[PDB]
Structure formats: C-alpha cells, structure tokens
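Architecture and fold: a report
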Amino acid sequence: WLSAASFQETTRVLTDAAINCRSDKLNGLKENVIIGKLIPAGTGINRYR
Amino acid sequence: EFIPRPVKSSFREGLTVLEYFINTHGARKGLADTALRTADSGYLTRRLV
Amino acid sequence: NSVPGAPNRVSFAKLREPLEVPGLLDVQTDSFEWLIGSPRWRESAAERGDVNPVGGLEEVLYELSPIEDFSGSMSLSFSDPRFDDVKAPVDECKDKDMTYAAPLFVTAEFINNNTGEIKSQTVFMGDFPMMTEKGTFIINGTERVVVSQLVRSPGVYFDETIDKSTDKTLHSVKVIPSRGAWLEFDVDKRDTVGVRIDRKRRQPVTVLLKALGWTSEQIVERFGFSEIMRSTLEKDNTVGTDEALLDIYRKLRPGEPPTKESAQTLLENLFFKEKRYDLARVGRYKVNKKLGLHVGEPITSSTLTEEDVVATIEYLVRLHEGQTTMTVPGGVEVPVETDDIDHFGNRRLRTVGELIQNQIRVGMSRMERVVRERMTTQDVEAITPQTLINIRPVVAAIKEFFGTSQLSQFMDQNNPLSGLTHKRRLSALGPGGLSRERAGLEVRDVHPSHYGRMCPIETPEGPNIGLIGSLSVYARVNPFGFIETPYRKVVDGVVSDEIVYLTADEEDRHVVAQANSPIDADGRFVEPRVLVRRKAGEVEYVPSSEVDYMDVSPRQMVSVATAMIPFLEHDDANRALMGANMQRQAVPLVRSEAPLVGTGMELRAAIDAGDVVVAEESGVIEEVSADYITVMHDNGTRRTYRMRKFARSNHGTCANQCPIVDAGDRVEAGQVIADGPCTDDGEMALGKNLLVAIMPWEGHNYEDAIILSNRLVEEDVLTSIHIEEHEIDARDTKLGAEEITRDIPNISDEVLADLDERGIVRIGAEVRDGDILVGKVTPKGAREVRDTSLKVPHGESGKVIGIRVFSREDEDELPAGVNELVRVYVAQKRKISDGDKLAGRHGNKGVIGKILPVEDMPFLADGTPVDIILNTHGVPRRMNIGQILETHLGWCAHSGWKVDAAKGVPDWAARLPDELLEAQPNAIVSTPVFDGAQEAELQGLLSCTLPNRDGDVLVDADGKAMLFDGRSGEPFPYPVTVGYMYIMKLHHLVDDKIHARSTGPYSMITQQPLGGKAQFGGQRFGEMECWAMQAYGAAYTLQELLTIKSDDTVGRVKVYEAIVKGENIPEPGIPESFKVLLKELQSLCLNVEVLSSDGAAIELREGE
Amino acid sequence: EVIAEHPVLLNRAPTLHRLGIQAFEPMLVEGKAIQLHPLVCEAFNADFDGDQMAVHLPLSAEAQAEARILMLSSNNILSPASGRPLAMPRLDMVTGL
Amino acid sequence: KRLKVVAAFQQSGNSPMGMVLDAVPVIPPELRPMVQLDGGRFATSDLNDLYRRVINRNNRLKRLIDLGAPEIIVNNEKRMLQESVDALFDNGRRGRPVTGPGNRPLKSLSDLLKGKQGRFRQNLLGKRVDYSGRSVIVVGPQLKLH
Amino acid sequence: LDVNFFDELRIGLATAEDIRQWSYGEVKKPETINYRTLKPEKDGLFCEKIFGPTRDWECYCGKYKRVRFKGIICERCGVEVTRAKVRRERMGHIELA
Amino acid sequence: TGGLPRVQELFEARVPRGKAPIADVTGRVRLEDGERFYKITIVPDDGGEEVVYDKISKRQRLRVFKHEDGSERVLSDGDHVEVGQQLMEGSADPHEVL
DNA sequence: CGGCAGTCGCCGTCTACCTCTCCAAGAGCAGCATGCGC
DNA sequence: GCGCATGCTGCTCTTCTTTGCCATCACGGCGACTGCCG
RNA sequence: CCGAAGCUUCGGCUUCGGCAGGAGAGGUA
Ligand SMILES: [Mg+2]
Ligand SMILES: [Zn+2]
C-alpha cells in the first residue's frame, strides 16, 4: 500500500488497505526511499555491501 | 487544410501584408503544442517508470 | 513631422498616408470619462447620435430606484451624482502611502404614500478612487492598471453537430442571458424538438407552447411545412394548458407537489420578469439583429418576450429544413445560417468603466436589500434618508475590486514601452472569462476577423499563449464594446478620402482591397486585378471592378511594439514574436542615443507614453537649471516645470529627467521641453549602436554566446543605476516599546561611526553586507534590550542616497501602534560582465561569453577594432535575415553616401525621393514596417558610400571587408561582413541570480530547508532527479542526500561536528517527515504500526 | 587545496534521462558564471542564451567514490538507449573539420 | 461485488464496528502551528477552526441532552454535529464546502495527503537539501572533459 | 532508532479503545491561546497539561525551573517537567455525546 | 503529437477506435454487402461453423492482403484465409488476438 | 420480473527558478464612571 | 448628599443557506444505478 | 542553534536574550 498510495487515488487504496488489514514488507525502491534506507540496487545489495 | 492561394515570395524579397497574415496560423500551433504536448509526455514517463 | 520640434528623419516610404494615428491612451481614459459623466464625454456624445447622454453611474442609480416595501406605503429614490475635489495631490498620495480619490455625494428623497410628505437630503457615499492623466490609479501608494476583458456577448447562438451512428446534423439553440436562466432548445436524432429549461433532463416543446397559451389550431398553423413539428405535436397528449403547466412545475420542483398557481408563478418569475432576467442593451440588439424583429425602434425594455421564443423555434426548424431566407410576421428578411463563437462580431470588450460599474451595482444591491429589510422594523415619523442608508457594502466592494483582484494589476515600469503596452492589453481571463486549464486549442488561434483589431504577432510565450493580446494602432471601441477599424470609401473604381469605421460584423458584406495597391495620380487602379478579402476571410484575385473599400495604411494590422522593428516582412513570425516581447525588458542606461536605422513610430510612442515633459502653451524660455524650467507665456502668465531626479520605478530602475532647451529659445505648444528615462531628443532609444562582425572566433561564441570588447567597459557604454528600498518600524510591544536609538549595548563603538546622533545612517555612507543601517533596541520596561538593528541583506551594497522619517509627534498619519517608520534608499552603478543578457530587435539573444582586450580584437585596415562578434551558424536555420539587411543599412547610414546623377538618375534609383540621393556621415534614416527600402536600393547604396579621412573604401560592393587577426597578425583569408547594429541590455543580470548555501534557516512542520533566495534557501531535489540516481546505481549518495542533508535532525549536528573535527561521517538515522506522515495517518482513525521481525511494534519516538 | 580532487554534481532541469546529472572537478574562475565544456551540451540539452544549473556537494567517502567512479563525465560518452556516441563534434567543429 | 467486502471482515481478525465513531483524535499542536503576523495578530490556521466547530457542537449537544429537551431539537443538533465531523474529515464531499475569509474553501485532514501538492509527492519523494547553489552557465573552450 | 530493524508496516481500522489509548487527555474548551499572558489556555486546543510544557524543563507555575527536577509532576499545575519537543508526538481526543 | 495517442492506446491498452475484425478459423470467406454495413461470414474449409461478422461498416476499406494465389487485393467474397488474418483495414484488438 | 439505455459522479492532465501585493469588521453583552436630578 | 441614567470601554464570540443568492467549468475514461419500458 | 555576560582547573559550567503560513498576478529556460 505504500507504493500504490503515492502513485494515484490515495483515498481508495487507503480505504481498501484499512479494511483488508494489509502488511508491507518494504522490499522495493520507492518504499526504501520513503523510509530512508538503502535501495536494493547498485551498491546497496548484499554482495557488494 | 491547405489554403489554395500559395505564398510565392521568399523571405529574401519580403512577404506582403496578406501573405504575412495568413502565414501566422502555423507558427502559433507549434507554440501551443510545445506547451501542451509536454504534459502528455510527462504523464507517459511517470506512468511507465 | 506634425510635431513642432522634431529631429529630421528622412524616410524611404513610397506611399502617402491620409490618416494620423489617434491618441494612444484613449481606450483607458474614454471609459472613465463615460463612467464619471464629465462634460467632455457629454459633448462627444452630442457630436453624434445625441439621444440619451446617460452616464455610467446615473444609469445604475436609475435602474435601482424606486425601492418599495411589501406593503407599498413608502419608497426611496436617488439622483444627481456629483464629485468634490481630490483631497491630496498625486505626489503626496505616493509619498504618505494614501489613495488618490474624491468624495461622492448623491441626493435621496423619501416619500410616504399614507400621508404625502417628502423629505430629501444629501447623503455621503464614500471616497471614489480617481484615474490620473496617464490612465493609472494610485492605490495605497502603488500604481495600478485595470486591464480590459474579452467576453462573449449576451445573445442567441445557433450551432450544429453530427451524430456518430446515423451521422445526421443535429442543431441546438441557446439563448444566453446577461444574468438569469438558460433556455436551450435543441433537435434530436429521431424527429423531436426538445427544450431543457434550467438544465433539467429534457421535454417536448409543444408542452411549452401550450404552457405559454397556445392551442392546436394556432400551433399547427405556425408550424406547417415542418414534419418534425407535426411529429412533436402528436406525442405529448397534453389535453389542456393545465397539463403542460403541472408538468413544468413537476419537473422543475423536485420534492414538492405540482401546483397550478405556483407553475404560473414560476413561468413568470423566471423569464418575463425584471429582476430575475436581464438581457442588457447588447442582448436586445444582438437578438433583434439575428431573428430580425423590431428595427428602427430603440433598445428599451430588456426582458424576454414570447415573440423571441417563437422566432427562435421558427429559425431552428427552418434551419433543419434548408430555407436560406426567413421572414417573421412583421419584420425584415434575415438570412438563416449558423454562427461562430470566436468572431470579433460576437466577442465584445469589457473596458474599465464597465468593470467598475458591475462592482458598484453589486454594492448598491446589497445596500438596497439592507434598507428594504430595515424599512419594515423602524417606526414611522422618525424615518429619514440618512437613517436608511448604509455605506459599508459599497466601500467594501470598491476596495475589494481595487485590491485583491485578478484584473487590477501591478504596473510594470521597466521602461516607457512596457508601461504603454500594459495599458493596451486585452486579456481573455478573469471572473467571467476562461481558465488556463479549461481553455483548449481553438480559442488560441488567429481568426480571419482579427485583421485591424488585434495584433497577430505580439503574444506571451508560456501557458498564456493566445489568451493575451494587444490592440492595433488604428483600432477603436464602439459604445457597445465592439472594436472598429477605419476604411476608405471607393466609388466608380476611384479611391476617395472619406473615412468610415466598420466593425467585423459589417465588413463581411463588402469587398475590401489591399493597402499595397498601385494607384495612379488620379486614383485609378493600374493592375487589371487586385488582391481582395471576401466574405469568409477568403483571399482571391478578382478583376479590379468590384472593390468597395480600401485599407488606410500597410501597418494597420500591427500593434505599437511590433511597428518598431525595421524589415519586419523579412523575419519569421516566431522571431518577430520574441523581438517584440524582448523590447519591453530593456533597462534605461546612463546615456541614451537614437537609432541609426528606425521606423518612424518611435516619436509618437514617447510623447503618448507620458514620461517626457511637453509645453502646454507658446512662449520664450526664461530660466533653465538642472531641476526646473521657467517658461514665460506671450500673454504674461509664467509656468514652471519641476523634474524627478533619480526616482525609483516599480522595478528598481532609475527614472531621470533632463532639460534639452537653451536659455533664450522660442517654444511652441506641444514641443518637448525635457527628456526622460529612455528618450533621446524626444524619440525612444533603448540601446546603442555597435560595430559588428559575423564570424566564428575560437569557439568563444559557440551556441548563442557573445564576445564583447573592453572599450565597452572603459567608456561606460552599457551602465545602469539601480535603486533599492528598505524600511523598519517601532511597534509598541507588550512590556515597554521599541525606540530607535544609537545605544545598542551589546555592540561596541567600532560599528557605530556611521549612525548619527539619532540612530540613522548618514547620506553618503558606503555599506556592505552586514552593515547596520538603523539600530533599534526593544525593551521590557535596562539589561533587557535586544539586538534588532536593520542590516543590509546578504549581497547588497551602494551609497545611501536618501532617508524619509515619519513620526506622529510632528503630526502624521501612521498606522496605529507604530511610532517610527524610516525608509532608506541605496543606489549602485552596475556595469556589464560575464553572464549578462544582450538582445536585438529581430530575435537575436544570448549571454556574454567573454570580454576581450582591445588589442586582441579583429581590426579593419585603418586599425579600428570591432565591438561585438556574432556567430553565422544561427542565422540561416532561424529565418531572421532582417539583421543582415539592418547591418548593411546601418553601415551605409553611418558612413554616408552620394548618388551620381551626371548622366541622369540611375535605373535603380528611379523611385527614390530627391532628399535620399545624398546624405552626410552619422545620418538618421527611417524604413517603415511594410513599405520601406527594397533590396535593389540597398545594393545600389552599398556602392556609393563616402570614403574616410584617407581616401580609402573599407567595405566593398558586397558589404564585406578584410580584417586582420589581432593575436597572430596575419590577415584573415576571406572577407567578412561588417556593419552597425542596435544592441539593447536586458533586465536579466547575473548579480541577481547567483546563490549558494551550506546551512541556514529550516522549516517548522517538516524540518527541511526553507525555499527561495531571499530566505537563504536550498535547492529542490525532485522526483525526476531520483530516477537518474537510481538508474546510475548510486545507493549511498541518494541516502545521504535524503536523510542527513534534509531531515535527520540528530545527524545534522553530528555530521557538522565530524566534518569540522576531521573524523568520519556517521551513519544516517530516520527522517522526521516520515513521523509526521505517521501522525497524519493516525489522525484519520487508522491503526498504522511499525512491526519488527517478530511482531512487538517498535515505539518510534526516541526519548531514551 | 581544499577543493583539490573533490568532485561536484551538476544538474539541469528537466532531467529527462540519466545523463542529466554528471560529476566534474571544480576549478576557480573569475566572474559570476559557471563554465561548461562544449561537448556535454548534447547530453544536457543546454544552449547558452539564459540557462541555469544547480550544484551539489558529496560529503562522505562512499558518495565521493561513487561520484568519481560511476558518474564522471569522461566515463559516460555512449548513450544508454541506443549505444551511439553523445560527446561528439558538432556545429562549428564539423565545419572546421 | 458484495463478497469482496463481506469476506474481508471474516478472513482477518477485525470487526465491522470500526465504521462508527465514539471518540475523535486530535493532532499534536506543533503540527498545526499558530504564529504572529509581523507583530500584529494571528490570521487563521485552516485546522484550528474545524476543531473549534466540533467542540462547540459537542458542548451544545451535551448541555441540551442533559436538560430534558424535546426530541426535534436534539435531532437537529445531532444532525449538525454529524455534518461538522464530516466536514472535518473531508470537506466538500457531501453538500457545500465550509468557507472562511474571502469565500475560500477550508482545507481538511484528507487534503494534506492527496494530489501533486500533498505530503507524499512533495515531502517524501523529493526534498530540499543543504550544500547547493545555482548560477548561469557560460561556455569555456579551454577545459577538459572532466 | 535503527532503520535496519524494521520488517513490516501494518494498517487497519482503529476502534474507540485505541483512540482512548493513544490520547494523553481530553480537550473540553474551544479556547486557543491567551492573548494577554501569551501562555496556553486550560483545557483548550493548546493546553500544556494535555500536550506538554511550552518551555524546556519548565511548567505552568514557577516551582520547578531547573534541569535536575525532570520526571517530577507538578502538584499544583499537573505539567510534566521535561523537554518541549514532546509537543510533536502527544495527542488528545474529543468525547462525542 | 499525432503518434503519442497511439502509444497510449497501446501501452494503457484499450480497444482501438478503428477496430478491424480478425479471423478465428480457416477457410474461404463471404461478404453480404448491404447498404452501409458488410456482413463477412467466412467459410471454414475445415467444416465447422461460419462466424457471421455483422455490422461491418462500409467505410472501412477491406484489408489489401496478398491472397493465397499471390494477388495483393482487398478481401473479396471467396478468398481463403486462416487464423489471425485481418479482414478489414485498421488496428487489431489486443484482447481478441490473445 | 427482466432487460435497458441514459446519466451522473469521480479520477487524471511535465520539471526547475525569479519578482510583486494582500489576508473580518461591525454588533452585542456586560462593567462601570461621572453627571444630573430630587 | 445619594440614587439613577447614559456613554467610554473591556471582552469574548459570531458569521445560516428558503419562496434566496448564484455564475459558471474542458475532455476523456470508467463504473454503478436507476428510473423506465417491455 | 546563534549572540551577549561571568567562573573557568581549559574538560567545560552558569545567567540573559531570540523565529519563518496561504491566495492571486507577471516572467526566464
Ligand atoms: Mg536556451
Ligand atoms: Zn507548576
């Protein structure tokens, strides 16, 4: 819901997520940018870090 | 559409009043598209990313 | 010419002019003259069509009254507006931050029908802002301009659309009112005519005819031929007027039972009323001109009638048929066709008078509602006109219009041309027009009806392209709001000299010839066939025997700024657009000089702007100094004119006036007495003449850059003064009150030498960035005072040229609470440097790339360096070849020429005048915009120019010269183009655009850096800039850019300490904006939590 | 010697692709304008009639290493969408050659 | 269409009774600041008025209920309180917007999350930064590619 | 806090019990701020008791004004003696009738 | 600016305005030229069922396709086709071709 | 019951930067302070 | 000399939506829905 | 966080003083 709420239609996605009790695993570029972590690409992946 | 009457004078000899007036319909279209098509282009980019 | 004292500028024109351009500011002043009701407009209206000299305020005051109550026992009326004298002059209003206004009084009478007595007395209705002699308003000390608005006219508008399935042509009418309902008849795809009263589904139209009072007999008589009308009739089955009435009330009254009297009250309180529908005079006219009803009769009675409805339906069904002519019983024959909604015969102009009258009407209506409601709660025999009238709504409406409004705009005073152009602008936006998003692509096009009324070239370049335009030089406005343009009447194939003004709706029934048409000595056309303009803007080549009208001049279709570009017909439209837009951004320079090549419009564009001083009468000059001129008239009266020395304009430039007369001259009325900001001997001069070469040079002029010489810096050729203003206050705080004094405890005596024994700097002190201008200590009622001293904002300097202190102890109008307001001024002489923007009149534009020593510059055979170098790669691909012709003509004018006529005039000089066959060095010429110098004439003049001091001709017959190389010494292998060109300095200087920041102020909610250059802000790292970082693969740069440089509150300080101490940068934490987002989501009753790998939600609040 | 071998990042808006951000090595000049190499104007799409650009400063060791290795202008010559060279002679250089 | 909603309230461990409110949260004060307008007064906060409206209506309802009022008046007050809360959470969705000074519609709690000028696309995906500058670019032909 | 320990982000509907849980007190008076004393009102929308002290290590009265008395609740005012940054993270609630 | 709309109607996949019926089976074709609407019926040469493509507007020019012999000509009643063959001129539906 | 077609509401419409002005007030409810009358 | 009346002045809200005011708002895509006809 | 003033053993300690939101218009690439 974090990646879809910042694209379009915030109210609808937030309402559906609230009803369904969804969980976000924070495993994308946008979510890691939003919360302030290293993106999983380039030099931020486990082999190079 | 194309106006039947052509512009037979070059810019080295100078257009007349009527030719200059009918020539202004194609320099405004390009300038409105420069400031309107870029909206669709931006939207497309953002949706593709 | 036509000006008493003017420079002798010889002209290349071959055509004569039968008309002179009108006053260039009469579009602003005429409307206010009509609104005020002054005798000047009364006489002008008495000149032609003297029927109803009704002012602007008088018609509102007469439409309002009488005001009656529900019982019908008393009434109130108004009459006789009149104005007093203006309280304070213009300069006082601009100085003390006041408004330029005059009180307004009206007379009101109160009649009591029960008794019969009358009580009348004079009431006061507030101060009315007034317009100065230049067409501007001074509101709270700032100059303002009200801009005219382009709106649709109130009338009938038939259209036509096709379907997608059957693809048949369905029509749709639309009676648009001025303020009221919205009838909208239409036809459909089957065969049913339907009305949609007040936007509510649909219905049959026979029900509406029945509801008006029509029956089967009359209906089926008026609607014969039309099979659609028969089908429409036989479907409703409404057996009686009652049926129709009840149905109307049923549909238009939801959640209510349909009544009979209420239906006959609705369909009476909707259209045929007087306070619920009001087709104004434009409406009545434009409805009586299409349908063709009552001609000859006036335009009184402005409410709809059954007649119009009927004629409308007639029109619609006959257009569905095909009948190309229609006659309504009792009228004229009118053609039947569809109409365009963007024709300048349907679009009208709402000037300043009709923009102020609307607000006055709104305030009047509010006051009328208040008095009507209060007339029934007071006791009789104690009711007087002064106790029934409230002034507050009217003054509130006036001050809301003249302040926070989209059409009363801040005036731009970069130079006289921009100020003149601002007052001639037609804007299509505003409260009643369009929107930047709703407007499409068909309202931003050059309609064929703009010829002579709007300029097709001068328009903005951004999102307002086509929504803002400029009026043409010869255009003028109807008493209704329709723009006119002049023509010359022709009879029997000979052009006369009688001028008739025609609107765009009347010139489509005549054949109009072209200005550039060969005319013999008697006035007969030479060419067998002429180029004309037919009905629908169709250009054709008809044999010359049908012409009915003719143009007045070739420059009839251009505005006042486009008519100042020489060789305009050789330029593309886009480049002329940029040249016209960039002529309004030039800055005034310390010394001015007139163009070598001009157009002739520059003389009357400076007198009409109003930034010069002209003499109002004839006399001899008595005394001349640097700041006043005294003129003794012939009768005996003496008049003295003062000057504005080093005044600050709206944009920070300098406005300086200088006298150009001697101590014994004879002066004629209208002669220019003093110069102005951008004026040279009475004519506008925005730039300087420089010697040019067109060639590449080592890549320093790569991609639109410019190379300058050092002689332009050592001789102050391009230098401008800029003045800036600052201010401080002394508003009594809670404990005690602030008091400006030299005593600033916490500061020493070093940074106190300037401040005199009062606390203010001394006129003449040079300030830097950090200097204290005026020092103030806010106390507590010492060891409680603060350091609150006015300082010079970062990156600003210059000498203090003046102060202005206002105090209430000497009796002055200061905002309550404040006790001291000082205003300091600082001026800085700015030179030219790298990064500054230059321009020409043809679209040339670039920033200065390099400034070279005078010994490093290419030089002619006699050792003359060139002043500017331009690249040759940008000319051919942009189609602005007027600049090369301008350089050729400028060289010819500078050097001077002489044509030999020993064996008669040469063949190429047959059509030249007799005064252009010889010229002196440093001559001034003029080439009009569409009738000027041909190219055979230029080619012949380039081989006649005079030599220099030594008998040498530097530029050969092609306009090319051989230059030497100033760095290596060898001559360049090929000849290069040399000449003179007119270069202006634009108001985009690099000293106002440089910015940098390490740390500074931060925001409050989301602790990110502030924004803007005045607040020492940071630069946005937007969304598109993150995609590039993620595509590069840089995972650490992005994290550092987003956490420890923007939001990580605890990491910012540790990062700064680590950098200063030389240690390693720490690991980023968590941004604060995320926590703000979480509290935002939690405030909408959403249970959002941050979990760990095994549940057990983290607190996420620190504190430990 | 403070600004010796310390790269900076230059950006011009709009940033339509990757090459809208590049890392250079600063030099001190006299004036108030930034000097740009003639061969990066194709990637930046920047003429010289009034454009403006922004500067950013890397701080840590990882950011400096990324700027010096991944983003240097002399390492990004080929276009990433078609493989054609972008830093090529054009306009005046083509006529001279 | 209905099963998508009826099954969400069954598969998880939530309840359908969270759609009816009995207490309303209040945002922390430092997220809706009120500051002086240049030594004068305070000029609106766009969020401290919708709270005042809710509190006023709730107080009037409490006083009227604990007095023995007739049913019609209590129903009117309850409807008005419902409308005020609806305007607090989403202004303009139903009926007409609640305006302030100058006929300018007020901005609700859900207007700080939506649009291109909301929190998500203007504060979380792009920010303002330190150590940055700006100027006009000019051509230098003596430089190298780096 | 460490960002390297987050693993999930759960959202869901909130009940009245949760709303009464998060809150530190209930607001009753529509008052906003005291114009004369320039101090927050009582039981208003800016009250110091519900939300937190306006100044560092201070309270409504003047019994505690130092940094060594933190953690003690004022017995005549009710205001905690702690930092003023707690006004960005403490909420309240309104009890509907 | 005339190309962009089709790059949208392609990516953001909708049903193309100017649709063109495609063939499902394989064999000869029919064509019931009426007034403004052909009705191509197709003749499955495998022995199945003729799919009566109805309301095939007359405006659309018939697909100029190389017929089985080799005649690059419009789809004429009596022309063998196969699975996928476009029957009219225009952009095919990305959801039918799947 | 069963199709059915108009209709009505909600979603979206490129990035970065600069300059200026303007942002509820009168009515009403007490709370006295001094002048005037008996 | 005391009581009553009327004007400076603190002092804290208050600002709707009928039979009124108000005037409108592009253009395309999508999905429910809802009265309406059979 | 910055400034002023004291003790200062040179790590630092103490007193006082201090803030930044919206709407509209025009413009450059
Ligand atoms: Mg450019
Ligand atoms: Zn206390």
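Residues numbered from 1 in each chain as written, not as in the entry; some residues may be left out. Chains lettered and ligands numbered in written order. Part of a larger assembly, values for the part shown. Heavy atoms only, no water. Residues with missing side-chain atoms left out of burial classes, pairs and counts.

This entry lists cryo-EM as its structure determination method and reports a resolution of 3.2 Å.

Chain F is annotated in the PDB entry as DNA-directed RNA polymerase subunit beta' from Mycobacterium tuberculosis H37Rv. This entry's official PDB title is "M. tuberculosis RNAP paused complex with B. subtilis NusG and GMPCPP".

Going by the PDB entry, chain A carries the name DNA-directed RNA polymerase subunit beta' and comes from Mycobacterium tuberculosis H37Rv.

**Considering the coordination of the zinc ion (ligand 2)**
Residue and element names in this part refer to chain F. For the record, the criterion: For Na, K and Ca the donor cut-off is 3.2 Å; for every other metal, N, O and S atoms count as donors within 2.8 Å. Water does not enter the count, which can leave sites looking incomplete. Angle rules define the geometry names used: all angles between 85 and 135 degrees makes four donors tetrahedral, while opposite donors over 155 degrees apart and all other angles between 65 and 115 make four donors square planar and six octahedral, leaving every other case irregular.
Within the protein, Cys59 (SG), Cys61 (SG), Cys74 (SG) and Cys77 (SG) serve as the donor atoms for the zinc ion (ligand 2), at 2.3 Å. If you look at the zinc ion (ligand 2), its four donor atoms make angles of 106 to 114° with each other, and the shape they trace is tetrahedral. Here the donor residues for the zinc ion (ligand 2) map to a single chain with the spacing C-x1-C-x12-C-x2-C.

**Overview of unusual backbone geometry**
Spelled out, the test is: The helix and strand labels rest on DSSP assignments: H or I over at least four residues marks a helix, E over at least two residues marks a strand, and numbering proceeds from the N terminus.
The linkage connecting C:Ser65 with the following residue, C:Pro66, adopts the cis geometry, with an omega of -5°. Mapped onto the fold, C:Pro66 is located in the loop between helix 3 (56-64) and strand 2 (67-68). Of note, the amide linkage connecting D:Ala13 to D:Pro14 takes the cis form, showing an omega dihedral of 0°. With a phi close to 55°, A:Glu9 is a non-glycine residue in the positive phi region. Mapped onto the elements of the fold, A:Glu9 is located in the loop between helix 1 (2-5) and helix 2 (10-20). One non-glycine residue, C:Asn922, lies in positive phi territory at about 60°. Position of C:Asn922 among the secondary structure elements: in the loop between helix 18 (882-895) and strand 46 (925-926).

**A few points about the coordination of the magnesium ion (ligand 1)**
For the record, the criterion: A simple rule labels every residue: compare its accessible area, found with a 1.4 Å probe on the protein chains alone, to the largest value its type can have, and call it buried under 20%, exposed over 50%, or partly exposed in between.
Those donors, D:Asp47 (OD), D:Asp47 (OD) and D:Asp49 (OD), are the protein atoms that reach the magnesium ion (ligand 1), and they lie 2.0 to 2.2 Å from it. Overall, the relative accessible area of 17% leaves D:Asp49 in the buried class.

**Describing the nonpolar core**
Residue and element names in this part refer to chain C. Filter applied, for reference: To define a nonpolar core, start from buried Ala, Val, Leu, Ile, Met, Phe, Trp, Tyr and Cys residues and group those joined through side-chain atoms within 4.5 Å. Residue contacts follow a heavy-atom distance rule, with two residues in contact if any of their heavy atoms lie within 4.5 Å.
Ranked by internal contacts, the top residues of the largest apolar core, which has 48 residues, are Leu183, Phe185 and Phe271. Of all the secondary-structure elements, those providing two or more residues to this core are helix 5 (206-212), helix 7 (227-236), helix 8 (241-252), helix 9 (260-266) and helix 11 (306-321). Broken down by element, the residue count for this core peaks at seven residues, all from helix 11. The residues touching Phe271, leaving out its near neighbours within four places in the chain, are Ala181, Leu183, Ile197, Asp198, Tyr277 and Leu304.

**Structural notes on the protein's contact with DNA strand H**
Which entries qualify depends on this criterion: The cutoff for a nearby residue is simple: one of its non-hydrogen atoms must lie within 4 Å of the molecule or strand. Pairing of N or O atoms within 3.5 Å defines a polar contact, subject to two protein rules: one partner must be a possible hydrogen donor and the other a possible acceptor, and residues neighboring in sequence count only if both atoms are side-chain atoms. Side-chain classes are defined by residue name, with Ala, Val, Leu, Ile, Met, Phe, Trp, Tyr, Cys and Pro counting as nonpolar, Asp, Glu, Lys and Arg as charged, and the others, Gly among them, as polar.
Surrounding DNA strand H, one finds 20 residues, the nearest of these being C:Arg144, C:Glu437, C:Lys1013, C:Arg1020 and E:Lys116. Here DNA strand H approaches the protein such that, of its atoms within 4 Å, sugar and phosphate make up 83%. Interatomic distance of 3.2 Å between a backbone N/O atom of C:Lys1013 and a phosphate oxygen of DNA strand H. Per element, the largest residue contribution to the surface near DNA strand H is four residues, and it comes from helix 3 (residues 37-48) of chain B. Looking at the surface near DNA strand H residue by residue, the class counts come to four nonpolar, five polar and 11 charged.

**Considering the sheet that holds strand 42 (residues 820-830) of chain C**
Residue and element names in this part refer to chain C. Defined as follows: Following DSSP output, two strands are said to pair if at least two bridges run between them.
Read from one edge of the open sheet, four strands run 36-42-41-38, paired in antiparallel fashion. The open sheet has two edge strands with one neighbour each: strand 36 (720-728) and strand 38 (766-767). Pairing between strand 41 (residues 798-807) and strand 42: eight bridges, direction antiparallel. Bridge pairing in strand 42 links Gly802 to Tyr825.

**Concerning the protein's contact with RNA strand J**
What surrounds RNA strand J is a group of 23 residues, the closest being C:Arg436, C:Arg786, C:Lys845, D:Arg12 and F:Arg66. Per the 4 Å cut-off to the protein, sugar and phosphate atoms form 90% of the nearby atoms of RNA strand J. Residue C:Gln406 places a side-chain N or O atom 3.4 Å away from a phosphate oxygen belonging to RNA strand J. Looking at the surface near RNA strand J, its residues break down into seven nonpolar, six polar and 10 charged.

**As for the packing of helix 2 (residues 48-65) of chain E against helix 3 (residues 71-89) of chain E**
All names here are of chain E. For the record, the criterion: Lines fitted to C-alpha atoms define the axes, with helix axes restricted to the stretch in contact, and inter-axis angles between N-to-C directions lie between 0 and 180 degrees. Our angle categories are set so that under 35 degrees counts as roughly parallel, over 145 as roughly antiparallel, 65 to 115 as roughly perpendicular, and the remainder as oblique. Two helices that cross are described as forming a left-handed crossing if the nearer one is turned anticlockwise from the farther one by less than a right angle, and a right-handed crossing if clockwise.
Look at helix 2 against helix 3: their axes get within 9 Å of each other, and the N-to-C directions meet at 160°. Between helix 2 and helix 3, the angle is such that the two are roughly antiparallel. Crossing angle aside, the handedness with which helix 2 passes helix 3 is left-handed. Of helix 3, the residues touching helix 2 (which contributes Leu50, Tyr51, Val54, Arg57, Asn58, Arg60, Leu61, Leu64 and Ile65) are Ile73, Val74, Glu77, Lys78, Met80, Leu81, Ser84, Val85, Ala87 and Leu88. When grouped by side-chain class, the residues that make up the contact of helix 2 with helix 3 number 13 nonpolar, two polar and four charged.

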